[PDB]
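Worksheet: the structure to be examined is printed underneath.
Each reported figure results from applying straightforward, stated rules to the coordinates on display, with no laboratory input. Reconstructed Cβ throughout: ideal geometry from the backbone, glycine too, with neighbour counts over all protein chains shown.
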Amino acid sequence: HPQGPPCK
Amino acid sequence: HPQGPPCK
Amino acid sequence: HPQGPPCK
Amino acid sequence: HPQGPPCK
Amino acid sequence: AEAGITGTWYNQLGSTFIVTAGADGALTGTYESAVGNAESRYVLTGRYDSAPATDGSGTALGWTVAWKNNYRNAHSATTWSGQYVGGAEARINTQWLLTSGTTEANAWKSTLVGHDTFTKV
Amino acid sequence: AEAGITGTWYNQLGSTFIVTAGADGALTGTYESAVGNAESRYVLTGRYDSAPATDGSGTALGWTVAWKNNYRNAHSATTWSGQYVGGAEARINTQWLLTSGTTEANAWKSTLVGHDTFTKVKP
Amino acid sequence: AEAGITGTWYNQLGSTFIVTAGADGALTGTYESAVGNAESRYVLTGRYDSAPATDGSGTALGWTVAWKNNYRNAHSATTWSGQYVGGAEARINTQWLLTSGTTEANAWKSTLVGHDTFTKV
Amino acid sequence: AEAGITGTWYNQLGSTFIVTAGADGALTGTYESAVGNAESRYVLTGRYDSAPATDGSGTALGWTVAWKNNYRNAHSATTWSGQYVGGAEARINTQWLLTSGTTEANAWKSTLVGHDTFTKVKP
């Protein structure tokens, strides 16, 4: 989700 | 507050 | 989740 | 309120 | 339906919300408070999903109202987050956050939370 | 004060908030996801108190972002409600609500709640 | 009325909540989920105001349910905060927070918020 | 794990949380207001997940405090919902809801929302 951090 | 009900 | 409605 | 900080 | 958001909505407290939904996601309107009154009106601005899923899901949206107009300033602002569901009985179900401007010492209790359901009746 | 809010801010996850506060209490700008190229920009609109109190009280404000742009559509919208506190280290402390469009049956879990703190970097 | 909280309550989703209010502020009971089922039951513990104001105000209370029992573990817990109002149509109006155990990376979206109204019908 | 939660914790306002996690998923203890003598202690009861996941996931838990004791009665109750994350620096990150008993007419503003982070100090 664009509101959370970058992925793994 | 303006968001609440009437103060009547 | 147990907090929600039935999955029926 | 007991959940907030010490008073002034 | 899409621009079914446009219109006049009422919540359970008696407030009236009048909005226009623009084809690209904007929400603009007026929020009027208690009694109907005259300058019980405040400006509101928001955004919605203009391309909601094609599954019976509601349309996500949200808007804000700063409680200041040319007659009153309650040094607070409210944001409503929720979704629109249309049909015979269209409704907008929301949860809101009302934050007041406070001093540091009162910051811990600067925000109230609640929920409102708006209908066109 | 409008100036103080205007500028570029970042929160603890690394997202970018670029806002312009207008004299009439309006807030307009763009929100960008944490790192992640250019097309992770979304439109935001909000309102603040253009005449806060003297005192050392924060300025209340709020804004919304519907997570749809020309590249992605997460069928959700987030609203941040908080206060701008100026000084040499200005901050915007908020609490937010993220609601996703759901069917009648999952409506009960349609909303997430959290809090973010923004630090100003550019005017 | 005071120990009017004691009893079986239902919310709009169909869940049943059975509680005992102790004279000193404790709330103990069982929360059962969907279908009625058999081990759709979870333990709940809370506290209420045993000396509420003598003005027509409701009684503040809250309780928690960890979603683990001897058959299921949904690695989450819900807390309901609200108030009881008695009378002909007694109700318990609440707002709740459901937090799931997550990894750091998912902590930002570990909590859901909602509201429930429980009645004895 | 019960041990990990058990102990004394403090949050950023200076309040004290003393808890005992029992094998059956129960939480019992006392909550104390930020500084302020001895009679600022209130009873708390809660529940946690006594069998969390392996992984580096936090343990979900929650507890309630009704703000009435033998000295004061603030006619309100607070519930904290969050996760315990162990390590050398264990923390309990929460979001809370404080509801006050109100009349029908002020019910709309009966609940406050906030967040607290607790740091462990003693076992």
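Before moving on, here are some points about what is shown:
- The range F:35-98 and the range H:77-101: distance between their alpha carbon centers, rounded to Å: 25
- Neighbour net charge for G:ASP49 - beta-carbon separation under 13 angstrom, K R +1, D E -1: 0
- Residues of the range H:79-123 with amide N under 18 Å of the 7 Å Cα→Cβ point at H:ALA3: H:84-91, H:120-123
- Only Cα pairs under 8 Å and 6+ residues apart enter the sum, and on that basis the relative contact order of chain G stands at 20 percent.
- Chain F, relative contact order [Cα under 8 Å, separation at least 6], %: 22
- Per residue of peptide H:21-28, the mean number of Cβ atoms on other chains within 10 Å of the residue Cβ is 2.
- Cβ-defined net charge surrounding F:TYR31, 14 Å radius [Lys, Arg +1; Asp, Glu -1]: +1
- Sorted by Cβ density within 10 Å, fewest first, the residues D:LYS8, F:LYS68: D:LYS8, F:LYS68
- J(HN,Hα) series, the range F:87-93, from Karplus relation 6.51 cos²θ - 1.76 cosθ + 1.60, nearest Hz, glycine and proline x: x, 6, 10, 6, 9, 10, 9
- Cross-link partners for E:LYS68 among the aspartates and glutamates, with Cα-Cα distance under 15 Å and sequence neighbours closer than 8 places in the same chain left out: E:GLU32, E:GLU39, F:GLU2, F:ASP24, F:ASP49.
- Modelled spin labels at E:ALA38 and H:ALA105, positioned 7 Å past Cα toward Cβ, are 2.5 nm from each other.
- Greater than 23 Å apart at Cα, pairs in F:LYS68/F:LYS109; C:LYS8/F:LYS109; E:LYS120/F:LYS109; F:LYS109/G:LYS109; E:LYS109/F:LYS109; D:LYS8/E:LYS109: E:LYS120/F:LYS109; E:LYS109/F:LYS109
- The phi-based Karplus calculation (6.51 cos²θ - 1.76 cosθ + 1.60; θ = phi - 60°) puts the 3J(HN,Hα) values of the range E:25-36 at x, 8, 10, 9, x, 10, 10, 10, 8, 2, 6, x Hz, whole numbers, x for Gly and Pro.
- Label-point gap, in nm, between G:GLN12 and E:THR54 - each point 7 angstrom along Cα→Cβ: 3.1
- Reported to the nearest whole Å, the Cα centre-to-centre distance from the range G:2-73 to the range E:89-117 is 26.
- Cβ-based net charge around F:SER50, under 10 Å, with every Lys or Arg adding one and every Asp or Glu removing one: -1
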